[PDB]
Amino acid sequence: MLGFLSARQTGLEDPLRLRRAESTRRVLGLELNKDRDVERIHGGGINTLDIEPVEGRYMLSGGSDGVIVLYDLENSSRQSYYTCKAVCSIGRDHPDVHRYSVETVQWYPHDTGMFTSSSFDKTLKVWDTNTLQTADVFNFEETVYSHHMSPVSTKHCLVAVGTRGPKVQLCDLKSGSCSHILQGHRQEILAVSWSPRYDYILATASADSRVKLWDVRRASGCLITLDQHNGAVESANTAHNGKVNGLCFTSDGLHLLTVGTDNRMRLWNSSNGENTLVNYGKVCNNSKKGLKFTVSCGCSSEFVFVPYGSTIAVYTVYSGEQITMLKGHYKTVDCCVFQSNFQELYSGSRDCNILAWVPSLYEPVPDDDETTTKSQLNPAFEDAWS
Amino acid sequence: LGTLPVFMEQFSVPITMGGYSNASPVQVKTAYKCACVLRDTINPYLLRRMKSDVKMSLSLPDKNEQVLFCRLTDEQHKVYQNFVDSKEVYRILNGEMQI
């Protein structure tokens with residue numbers, strides 16, 4: 001540390017280096033609930049989490065109960081230990097509440113005043129955050145597994161919806177259009193994800209074992225089908241020997257991660273679909289529904305956090321190296337989300353907990369001359385062989 | 001625009017059923033919405049100028065177009081009345097024949 005501080009003060013190293021090094025060290029030090037609980041509002045499993053992109057203060061949660069909960073993550077108490085309290089909820093008393101489990105919540109990418117929700121009740125809903133009233137509602141023939149709004153598109157406001165139907169659907173919130181379908185897939189579409197680099201490029205994953213990249217401006221059909229063997233454009237390509245149930249672009253958009261029920265994670269070049277041949281080993285993935293997982297941002301290494309049964313596995317994206325297993329939950333983890341500002345990970349599970357994983361690099365320090373106001377050696381940490 | 005059956009259910013029926021003067025207020029609103037949605041979906045891909053929108057391509061002289069309502073002659077009225085009182089028209093209204 002003191003070396004980094006000296007090098008920064010003297011301009012020997014760019015201020016980038018201390019910042020990225022310490023961010024990486026913090027990710028390596030994640031510990032369960034060290035400073036922080038999250039308030040138990042849900043009665044069911046936590047299907048989905050989304051941290052607000054503007055300030056990172058607020059987290060939406062959706063669950064198998066159909067409830068949507070909005071949490072405040074900032075410690076506005078003066079204590080070193082605190083609870084992330086629920087600001088407000090769309091509970092079962094609300095008229096517009098979802099009838100069946102809520103499978104994706106996403107903030108509007110450009111300000112916090114609106115958010116979107118989807119559910120196995122075959123709806124996509126648009127919510128006014130200040131009032132928690134729906135502004136628009138879209139209905140579908142089939143249960144929605146996933147939806148996404150483009151994180152970078154200013155030009156268009158399209159929601160991609162993946163359903164049990166074989167056709168991807170696109171809803172235009174500006175016009176209210178929901179007629180536009182993409183017709184290339186053959187089974188249920190389990191994950192959809194817009195490129196963070198390009199306004200118009202949508203990745204889609206399906207139980208047909210295919211990941212397809214689309215340019216939604218075109219009348220032409222899809223661009224690229226990912227072939228895990230690298231050899232041919234559509235006739236037989238598969239990304240996994242199983243269902244493909246999760247997508248995550250890397251934070252630069254240059255690669256796409258995919259996870260599937262073959263228990264493998266695979267890294268792809270997003271500009272042409274080449275399998276980069278990074279091998280992570282067995283990544284346990286039994287999930288028959290979409291799996292949400294996340295990369296880090298702003299670290300010296302790009303990490304990926306992936307549900308691994310009841311654990312969260314951490315890998316280095318490019319090296320394939322398994323770094324740690326975060327070992328908290330009692331049932332399968334369904335989502336995790338990364339707070340980029342402070343390198344804190346939140347995780348939802350079918351055990352109904354939301355758990356915070358927080359960098360725990362060192363303890364509060366005593367003064368040895370104190371009587372009892374020290375940083376206490378609690379007797380729970382003591383042996384008792386007598 | 002999706003598949004034809006879906007398009008018919010989402011636009012053709014709602015927009016048609018709100019053109020009637022006996023359409024209920026909910027139908028009139030639903031039609032107005034569906035027409036706005038359809039018009040916004042097709043707009044980028046349909047380019048349509050009218051002659052009133054652009055005076056560059058000359059101008060036509062004025063058109064007077066009128067509808068003249070004629071009467072049936074008495075024998076024509078008999079023939080028509082006897083046909084609508086016919087059992088062929090009964091078979092038509094009873095669904096035994098196509099209209």
# chains A, B, ... in the order shown; residues from 1 in each chain; ligands from 1
$ interface_residues --of "chain B" --to "chain A" --cutoff "6 Å" --atoms "only C-alpha atoms" --output "PyMOL selection string"
chain B and resi 1-2+37+40
$ write_last_selection --atoms "N, CA and C atoms" --output "CSV table (one decimal), in the first residue's frame"
chain,number,residue,atom,x,y,z
B,1,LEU,N,-44.5,-6.9,-38.7
B,1,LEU,CA,-45.8,-6.9,-38.3
B,1,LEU,C,-46.2,-8.3,-37.6
B,2,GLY,N,-45.3,-9.1,-37.4
B,2,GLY,CA,-45.6,-10.5,-36.9
B,2,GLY,C,-46.3,-11.4,-37.9
B,37,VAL,N,-50.4,3.0,-32.9
B,37,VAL,CA,-49.3,2.1,-32.8
B,37,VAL,C,-48.9,1.6,-34.2
B,40,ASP,N,-47.2,4.3,-36.2
B,40,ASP,CA,-45.8,4.4,-35.8
B,40,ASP,C,-44.9,3.2,-36.1
$ residues_around --residues "residue 333 of chain A" --least-positions-apart "3" --cutoff "12 Å" --atoms "only C-alpha atoms" --output "JSON, numbers by chain"
{"A": [45, 46, 47, 48, 49, 284, 285, 286, 287, 290, 291, 292, 293, 305, 306, 307, 308, 309, 310, 311, 312, 313, 326, 327, 328, 329, 330, 336, 337, 346, 347, 348, 349, 350, 351, 352, 353, 354, 355]}
$ write_last_selection --atoms "C-alpha atoms" --output "tab-separated table (two decimals), in the first residue's frame"
chain	number	residue	atom	x	y	z
A	45	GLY	CA	-36.58	-17.34	-3.73
A	46	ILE	CA	-34.79	-14.33	-5.20
A	47	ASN	CA	-34.86	-14.83	-8.95
A	48	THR	CA	-33.35	-11.52	-10.02
A	49	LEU	CA	-31.43	-8.50	-8.75
A	284	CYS	CA	-22.23	-26.77	-12.17
A	285	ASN	CA	-25.41	-25.68	-13.99
A	286	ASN	CA	-28.55	-27.78	-13.55
A	287	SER	CA	-30.90	-24.81	-13.94
A	290	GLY	CA	-32.33	-18.59	-17.11
A	291	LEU	CA	-29.19	-18.02	-15.05
A	292	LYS	CA	-28.02	-14.47	-14.35
A	293	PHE	CA	-24.32	-13.87	-13.67
A	305	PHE	CA	-18.98	-14.31	-10.67
A	306	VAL	CA	-21.07	-17.34	-11.53
A	307	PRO	CA	-23.64	-19.38	-9.59
A	308	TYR	CA	-22.09	-22.76	-8.84
A	309	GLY	CA	-24.78	-24.77	-7.16
A	310	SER	CA	-25.27	-23.04	-3.83
A	311	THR	CA	-21.90	-21.24	-4.14
A	312	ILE	CA	-20.65	-18.34	-6.23
A	313	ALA	CA	-17.53	-19.26	-8.16
A	326	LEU	CA	-18.19	-17.82	-1.93
A	327	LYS	CA	-19.86	-20.30	0.33
A	328	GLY	CA	-22.91	-18.67	1.96
A	329	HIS	CA	-26.31	-19.76	0.58
A	330	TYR	CA	-28.23	-22.93	1.48
A	336	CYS	CA	-25.57	-12.24	-8.52
A	337	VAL	CA	-24.87	-8.57	-9.20
A	346	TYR	CA	-25.01	-9.25	-3.93
A	347	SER	CA	-26.49	-12.73	-4.39
A	348	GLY	CA	-30.03	-14.09	-4.62
A	349	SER	CA	-30.95	-17.71	-3.94
A	350	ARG	CA	-33.91	-20.05	-3.55
A	351	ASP	CA	-33.08	-19.96	0.17
A	352	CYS	CA	-34.81	-16.53	0.12
A	353	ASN	CA	-31.74	-14.70	1.39
A	354	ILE	CA	-30.08	-11.82	-0.35
A	355	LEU	CA	-26.47	-11.93	0.84
$ select_by_dssp --residues "chain B" --states "alpha helix (DSSP H)" --output "ChimeraX atom specification"
/B:4-7,13-16,25-42,74-84,87-93
$ atom_distance --atom1 "atom CA of residue 134 of chain A" --atom2 "atom CA of residue 26 of chain B"
19.4 Å
$ select_by_dssp --residues "segment 229-320 of chain A" --states "strand (DSSP E or B)" --output "PyMOL selection string"
chain A and resi 244-249+255-260+264-269+275+294-295+303-308+311-316
$ atom_distance --atom1 "atom CA of residue 275 of chain A" --atom2 "atom CA of residue 257 of chain A"
10.0 Å
$ atom_distance --atom1 "atom CA of residue 189 of chain A" --atom2 "atom CA of residue 167 of chain A"
7.7 Å
$ residues_around --residues "residue 359 of chain A" --least-positions-apart "6" --cutoff "9 Å" --atoms "only C-alpha atoms" --output "ChimeraX atom specification"
/A:25-32,34,342-344
$ write_last_selection --atoms "C-alpha atoms" --output "PDB file, in the first residue's frame"
ATOM      1  CA  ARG A  25      -7.299  -6.813  -3.784  1.00  0.00           C
ATOM      2  CA  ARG A  26     -10.783  -6.015  -2.486  1.00  0.00           C
ATOM      3  CA  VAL A  27     -12.429  -8.570  -4.795  1.00  0.00           C
ATOM      4  CA  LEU A  28      -9.949 -11.135  -3.487  1.00  0.00           C
ATOM      5  CA  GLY A  29     -11.090 -10.306   0.048  1.00  0.00           C
ATOM      6  CA  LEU A  30     -14.851 -10.730  -0.234  1.00  0.00           C
ATOM      7  CA  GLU A  31     -16.485 -12.013   2.942  1.00  0.00           C
ATOM      8  CA  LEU A  32     -20.089 -12.834   3.806  1.00  0.00           C
ATOM      9  CA  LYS A  34     -19.134  -8.691   7.106  1.00  0.00           C
ATOM     10  CA  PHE A 342     -17.002  -0.580  -3.945  1.00  0.00           C
ATOM     11  CA  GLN A 343     -16.509  -4.135  -5.275  1.00  0.00           C
ATOM     12  CA  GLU A 344     -19.422  -5.558  -3.281  1.00  0.00           C
TER      13      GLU A 344
END
$ closest_residue --among "B:91, B:38, B:48, B:62" --to "residue 7 of chain B" --atoms "only C-alpha atoms"
B:38
$ residues_around --residues "residue 82 of chain A" --least-positions-apart "5" --cutoff "8 Å" --atoms "only C-alpha atoms" --output "list in words"
residues 35, 36, 37, 75 and 77 of chain A
